[PDB]
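Let me begin by presenting the structure, written as structure tokens, before commenting on it.
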Ligand SMILES: CCNC(=O)Nc1sc2ccccc2c1C(=O)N1CCC(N2CCC[C@@]3(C2)CC(C)(C)OC3=O)CC1
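In this note's numbering, the protein residues as written are 18 to 737.
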């Protein structure tokens with residue numbers, strides 16, 4: 018119709034719709050639409066909720082910010098710089114959005130496409146802001162020298178019988194004359210059958226972007242993506258498909274959102290079928306669809322469509338700092354800090370998500386039974402992979418945290434059949450709760466690294482009996498993956514709060530890999546009054562330390578009947594007949610008592626495993642009560658976050674100062690400005706938070722600068 022407002026990109030939109038995706042130039046508007054929903058209702062939207070520019074390569078291969086009509090791209094990659102207003106950043110946060118244009122040479126990657134990705138990614142890193150990559154591509158571009166394809170000739174073994182084969186390919190002198198100035202081929206001049214021929218030894222092609230230069234280009238952007246993951250927030254959305262380098266780019270950014278019915282693949286199904294010589298695979302989704310990648314941790318989450326993908330991106334960003342040199346964004350909670358937790362962990366197995374997010378009340382219908390974190394704030398990732406562990410993000414009185422919790426129910430995992438292997442059939446496997454398997458140790462380590470790079474505090478609801486130590490799980494390298502937990506926690510740069518909840522336990526190798534001493538500056542450990550911790554289970558401690566001999570020694574000491582029989586069996590003047598009767602009765606009594614005296618010993622061992630011993634031995638900071646634990650940990654975390662902002666300011670003014678020195682300094686400054694009578698209030702987290710907020714070093718700076726300058730002249734006697 019002539020009355021609506023239309024651009025000239027209708028054909029591109031349609032082409033994108035046919036491939037099951039969104040035209041790249043329509044993504045900015047999706048973000049705006051997603052931002053509005055994220056905000057709520059049209060009563061208090063800000064003025065310019067989203068402003069953006071297109072990032073365009075100039076003649077020198079540098080990016081310039083432009084405001085131009087959509088669809089003007091000369092390479093099959095597009096980039097935007099976007100500023101949007103959110104609850105976390107009402108005055109704006111920036112991101113870089115980079116995306117393949119799947120309507121431009123099927124989203125293949127050539128030199129120009131690679132250069133734009135590189136430059137946009139470099140710009141995200143230089144400014145310290147998140148890089149968002151929209152993946153809809155066909156991998157590295159494939160070409161042939163079109164100007165040679167229909168001019169070459171064949172030197173047959175026998176021109177009257179071509180199935181005998183051919184000796185070489187060649188160009189006639191007339192043809193060589195047409196292309197010798199174009200740098201298209203390398204030829205060797207020869208004579209045969211009395212005719213001059215230009216024998217082909219190499220085909221170069223006069224057009225750029227045919228072959229290996231496309232692989233160099235792919236490697237270039239793989240390296241850049243590897244680096245970006247280390248420096249800034251990286252997120253990808255997979256829509257339609259991600260192939261080859263496209264698949265590696267999404268993996269290297271780590272945080273992957275995959276649209277349902279898309280695929281992440283290296284080589285495709287029909288290619289593999291041709292190589293293997295039979296119809297093995299039914300579909301690319303079979304190789305790299307959500308049912309593979311959501312189930313193995315490559316995909317953090319799945320969405321029904323592009324729009325939910327974009328919305329998901331904004332939700333993830335809402336937990337994260339606006340850039341890599343900013344504090345985590347703490348918002349005003351609506352869920353009160355000073356409330357108890359209504360859901361109570363039990364000895365009986367429960368879904369750990371209820372403890373985090375709460376749940377519908379079991380009896381009082383229409384009511385929510387609150388969990389630990391702020392209502393509605395817990396959002397899980399890598400859910401269907403390695404289900405004995407739970408990983409996600411949440412808010413505690415408004416503070417964004419990474420979250421690790423442990424499943425207590427037995428897990429049923431469906432392992433898919435291998436289509437390439439005749440006798441392989443589908444299996445169901447069971448994984449015991451409260452255990453690290455190779456898969457869940459890996460998921461745990463991954464999550465730790467990802468959250469560290471988002472700069473989040475980490476909350477670990479510890480509940481592990483140990484690692485799976487059986488032959489299969491040992492063969493499958495459980496040991497390698499347990500070690501990554503150590504590396505990950507060691508490298509953590511933000512506070513880590515470890516809490517063993519009611520009826521949870523921390524034992525053996527599971528304690529070891531998460532102990533506070535791995536990162537004494539970040540990690541604090543807490544145990545519920547109803548928790549347990551020790552090298553073994555009490556049943557195991559008894560097996561090693563309180564065996565049959567010891568159980569007998571116990572009966573002798575405390576069972577009246579057993580005591581008498583031993584004392585009767587003492588007398589030497591005793592006949593052979595009385596001796597056989599007494600020791601018969603002693604064995605009878607022994608057999609009646611072993612089972613329960615065994616339980617007594619188990620309880621004896623159980624009393625060594627208490628939070629009480631934990632505290633007395635200094636392996637935890639405090640014993641908590643679940644109902645009031647949300648409140649306590651809120652203030653502890655606030656305090657730790659604030660003390661760290663100060664402590665890092667102290668170090669940029671005097672880098673030499675040890676961490677024990679600084680702790681004493683902060684305490685000293687508190688005592689000066691409140692008085693020695695109030696020094697005990699340093700142990701009060703709420704009071705210290707308030708004090709730091711009211712009081713928000715110059716002298717330290719003077720001395721360290723003067724020390725730096727004296728050193729430089731000491732080391733270099735010229736200069737002055
Ligand atoms: C000799 C005739 N060889 C072939 O027929 N190779 C072919 S047929 C074909 C058809 C469509 C697209 C690509 C290819 C293709 C090709 O060049 N590929 C690149 C190499 C790819 N393989 C790389 C090594 C690993 C491999 C796939 C091979 C295999 C071990 C079978 O399983 C795989 O995943 C397969 C596709």
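By construction, the Cβ of each residue, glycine as well, lies at the ideal position given by its N, Cα and C atoms.
Please identify the residue among the options whose C-alpha is closest to the C-alpha of residue i.
| i | options | result |
| --- | --- | --- |
| residue 431 | 447, 695, 668 and 202 | 447 |
| residue 391 | 648, 334, 26 and 561 | 648 |
| residue 378 | 365, 360 and 62 | 360 |
| residue 477 | 329, 443, 516 and 723 | 516 |
| residue 91 | 67, 131, 102 and 64 | 131 |
| residue 492 | 454, 347, 439 and 675 | 454 |
| residue 102 | 129, 61 and 78 | 61 |
| residue 614 | 645, 646, 635 and 565 | 565 |
| residue 244 | 575, 76, 269 and 232 | 269 |
| residue 676 | 506, 340 and 537 | 537 |
| residue 798 | 532, 711 and 147 | Residue 798 falls outside the range modelled here, since the chain spans only 18 to 737, and no answer is possible. |
| residue 506 | 708, 421 and 580 | 421 |
What first and last residue would you give for the alpha helix (DSSP H) that runs through residue i?
| i | result |
| --- | --- |
| residue 447 | Not the alpha helix (DSSP H): residue 447 falls in the beta strand (DSSP E), residues 444–448. |
| residue 195 | 190–196 |
| residue 54 | 44–56 |
| residue 72 | Residue 72 -> not in any alpha helix (DSSP H); beta strand (DSSP E) instead, spanning 67–74. |
| residue 236 | 229–248 |
Would DSSP call residue i helix, strand or coil?
| i | result |
| --- | --- |
| residue 217 | strand |
| residue 16 | In the structure as shown, the chain begins at 18 and stops at 737. Residue 16 is therefore absent and cannot be evaluated. |
| residue 116 | strand |
| residue 713 | coil |
| residue 339 | coil |
| residue 478 | strand |
| residue 184 | strand |
| residue 99 | strand |
| residue 126 | strand |
| residue 483 | strand |
| residue 310 | helix |
| residue 673 | coil |
| residue 608 | helix |
| residue 533 | helix |
| residue 600 | helix |
| residue 719 | helix |
| residue 407 | strand |
| residue 280 | strand |
| residue 111 | strand |
| residue 94 | strand |
| residue 173 | strand |
Between which two residues does the beta strand (DSSP E) carrying residue i extend?
| i | result |
| --- | --- |
| residue 83 | 80–83 |
| residue 275 | 272–276 |
| residue 544 | 540–545 |
| residue 639 | 639–641 |
| residue 417 | 416–423 |
| residue 524 | 522–524 |
| residue 251 | 251–255 |
Here's a check: name, in chain order, each residue in its chain whose Cβ is nearer than 8 Å to the Cβ of residue i, leaving out the five neighbours to either side.
| i | result |
| --- | --- |
| residue 510 | 469, 472 and 539 |
| residue 308 | 302 and 433 |
| residue 194 | none |
| residue 672 | 721 |
| residue 736 | 729 and 730 |
Go through its chain and collect everything with a Cβ distance to residue i's Cβ below 7 Å, but skip five positions before and after it.
| i | result |
| --- | --- |
| residue 632 | 640 |
| residue 38 | 119, 153, 256, 257 and 323 |
| residue 520 | 362, 363, 364 and 547 |
| residue 467 | 271 and 272 |
| residue 312 | 401 and 402 |
| residue 184 | 172 and 174 |
| residue 651 | 354, 413 and 414 |
| residue 300 | 286 |
| residue 310 | 275, 281 and 316 |
| residue 699 | 684, 687 and 705 |
| residue 429 | 445 and 447 |
Going by beta carbon distance, what residues of the same chain come within less than 6 Å of residue i, once the five residues before and after it are set aside?
| i | result |
| --- | --- |
| residue 208 | none |
| residue 95 | 41, 116 and 118 |
| residue 622 | 555, 558 and 559 |
| residue 527 | 481 and 483 |
| residue 695 | none |
### Query
Curious, which full-length alpha helix (DSSP H) runs of at least 4 residues does the stretch 559–587 contain?
List check, alpha helix (DSSP H) in window: 565–575 and 577–585.
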